[PDB]
Amino acid sequence: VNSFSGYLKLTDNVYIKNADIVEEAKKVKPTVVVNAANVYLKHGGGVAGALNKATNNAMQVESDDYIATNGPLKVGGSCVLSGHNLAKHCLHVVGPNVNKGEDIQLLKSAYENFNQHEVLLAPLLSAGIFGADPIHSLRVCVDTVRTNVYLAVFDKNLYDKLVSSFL
Ligand SMILES: CC1(C)CC[C@H](C(=O)O)CN1C(=O)c1ncnc2[nH]ccc12
């Protein structure tokens with residue numbers, strides 16, 4: 001038993017809710033919140049900009065130190081950093097950004113990072129400003145992640161679509 005509430009069960013291990021991930025994170029305090037990151041951990045907009053704003057920019061400060069030490073992430077890769085006031089940990093995962101021409105097949109590799117964590121609160125990778133089809137992203141998530149994932153979808157219209165078109 002865990003503290004996530006109001007989710008629709010899609011599969012044995014995947015759940016979905018129409019929710020603002022920032023507000024869900026602040027209420028739940030999950031062990032892991034996933035950020036829709038870029039390779040530079042520049043958290044300017046989308047989910048990343050919202051998560052970072054909710055940390056009063058502490059996520060960005062920590063991220064800049066991480067990059068200065070380690071260099072950029074790989075597309076399809078991830079790193080674990082602090083969850084600040086939002087979660088114990090933030091798993092920064094880089095899905096491919098279609099608006100940069102990155103290979104959508106790397107989306108499966110991106111979701112594989114979730115399997116290193118028993119339970120996660122997460123957005124749909126490569127959705128939103130990353131330019132992928134959220135329905136394809138949901139399919140890859142379901143077919144790749146084996147750990148328990150609670151997907152927060154900000155847009156109510158998108159959500160209802162994702163649910164109604166799910167197979
Ligand atoms: C619009 C879109 C589907 C695609 C772009 C955003 C991104 O990928 O960064 C995420 N997003 C969400 O609806 C979403 N879902 C949960 N929490 C969120 N907080 C801010 C947006 C958001």
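Atoms considered below: every heavy atom in the structure, side chains included; atoms not considered: hydrogens, waters and symmetry mates. The first residue in the sequence is number 1, and the count goes up from there. Counting convention: from 1, in listed order, for ligands and their atoms alike.
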Provide, line by line, the atom pairs where ligand 1 and the protein bring an N/O atom each to a distance under 3.5 Å; else say none.
{"from": "ligand 1", "atom 1": "8 (O)", "to": "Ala127", "atom 2": "O", "distance (Å)": "3.1"}
{"from": "ligand 1", "atom 1": "9 (O)", "to": "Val47", "atom 2": "N", "distance (Å)": "2.5"}
{"from": "ligand 1", "atom 1": "13 (O)", "to": "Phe154", "atom 2": "N", "distance (Å)": "3.0"}
{"from": "ligand 1", "atom 1": "15 (N)", "to": "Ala152", "atom 2": "O", "distance (Å)": "3.4"}
{"from": "ligand 1", "atom 1": "15 (N)", "to": "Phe154", "atom 2": "N", "distance (Å)": "2.9"}
{"from": "ligand 1", "atom 1": "17 (N)", "to": "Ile21", "atom 2": "N", "distance (Å)": "3.3"}

- Task: Please say whether more than 12 non-hydrogen atoms of neighbouring residues, nucleotides or ligands are located less than 6.0 Å from CG in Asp12.
- Result: no

- Members other than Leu121 in its cluster, when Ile, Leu, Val, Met, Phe, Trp, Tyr link by side-chain heavy atoms under 4.5 Å? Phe4, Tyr7, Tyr15, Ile21, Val22, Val28, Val33, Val47, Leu51, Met59, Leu86, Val119, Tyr150

- Got more than 12 heavy atoms from elsewhere within 6.0 Å of NZ, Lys88? no

- Message: Which residues pass the salt bridge (charged side-chain N to carboxylate O under 4.0 Å, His left out) test with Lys156, not counting sequence neighbours?
- Response: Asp160

- Can you list the residues that meet the side chain to side chain contact (heavy atoms under 4.5 Å, CB included) rule with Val80, with sequence neighbours excluded? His89, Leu91, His117

- Query: Just wondering, do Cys90 and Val32 contact through their side chains at under 4.5 Å, heavy atoms?
  - Reply: no

